[PDB]
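First, one chain by itself: the form deposited in one PDB entry, in structure tokens.
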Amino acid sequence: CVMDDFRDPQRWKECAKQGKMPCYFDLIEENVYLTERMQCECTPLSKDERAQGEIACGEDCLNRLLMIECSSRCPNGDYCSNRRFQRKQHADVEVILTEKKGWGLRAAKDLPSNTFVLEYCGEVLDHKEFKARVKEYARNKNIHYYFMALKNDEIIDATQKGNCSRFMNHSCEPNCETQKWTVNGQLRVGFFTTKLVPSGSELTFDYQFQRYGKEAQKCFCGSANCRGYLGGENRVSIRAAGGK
């Protein structure tokens, strides 16, 4: 049961029954909304510059600097290196079973610093849908939580639908960070390495978790500076957790 079985629902379901792969969820290539709601100024690379290894819409791209992706109308067209979310230019990753955090993610090759890992895809919810799901997940006695704040009135929920970014565990000393990118006038969240990440190392981010729950989950990241609990010291209200 390899990484490729995630694209094969019949085989993945079988692997899940044998405990070889995590439980089934729906694999989505972009965010699904339950309730629905410009070009850069880079000089186009010549055929010779492309051949010589020159990057199109690299470090000096006006769109990239502002965390905006380019569209098909980019002056660099096909060569544009600034359409990673759209072109699914995800890093080589593996889903692993951890000792006590459940499933996790790890680098399947060495990843340089500020490398796009994956987009945190899911179902985008409003405050009313978020509160409905809070009750659902609490009534189901769910152990793992998959809510990612997008904007004040938008929560990305990857509990039922998402991608393998839903497997990224918390660390008080992480090797990734989230970045909010504008893709087609819509905001998206992606994970980016903050440092060189050797092959086989678990990919982690700092949740900055806003715990509404009565009880805190203990943190097993193992950092010398570990906060002991996901959520830290304080318990917040559901409305605060939801961004109101």
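For the two forms, the rigid core is made up of the largest set of C-alpha atoms that agree within 1.5 Å on superposition. All residue numbers are counted from 1 along the displayed sequence.
Quick note: we don't show the form deposited in another entry, though the next part is all about it.
**Student:** With both forms fitted on the core, check whether the Cα of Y146 differs by 2 Å or more between this form and the one not shown.
**Tutor:** Yes, the C-alpha position differs by at least 2 Å between this form and the one not shown.
**Student:** Honestly, after the rigid core fit, is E173 moving at least 2 Å at Cα between this form and the one not shown?
**Tutor:** It does not reach a 2 Å shift.
**Student:** Please say whether, between this form and the one not shown, the C-alpha of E136 moves by 2 Å or more once the core is aligned.
**Tutor:** Yes, its C-alpha moves 2 Å or more.
**Student:** With a C-alpha distance change of 3 Å or more, do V183 and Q210 lie closer or farther in the other entry?
**Tutor:** Compared with this form, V183 and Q210 lie closer in the other entry.
**Student:** Where do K218 and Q210 end up in the other entry, Cα atoms closer or farther than shown, with a change of 3 Å or more?
**Tutor:** It is farther: the C-alpha separation of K218 and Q210 rises by at least 3 Å in the other entry.
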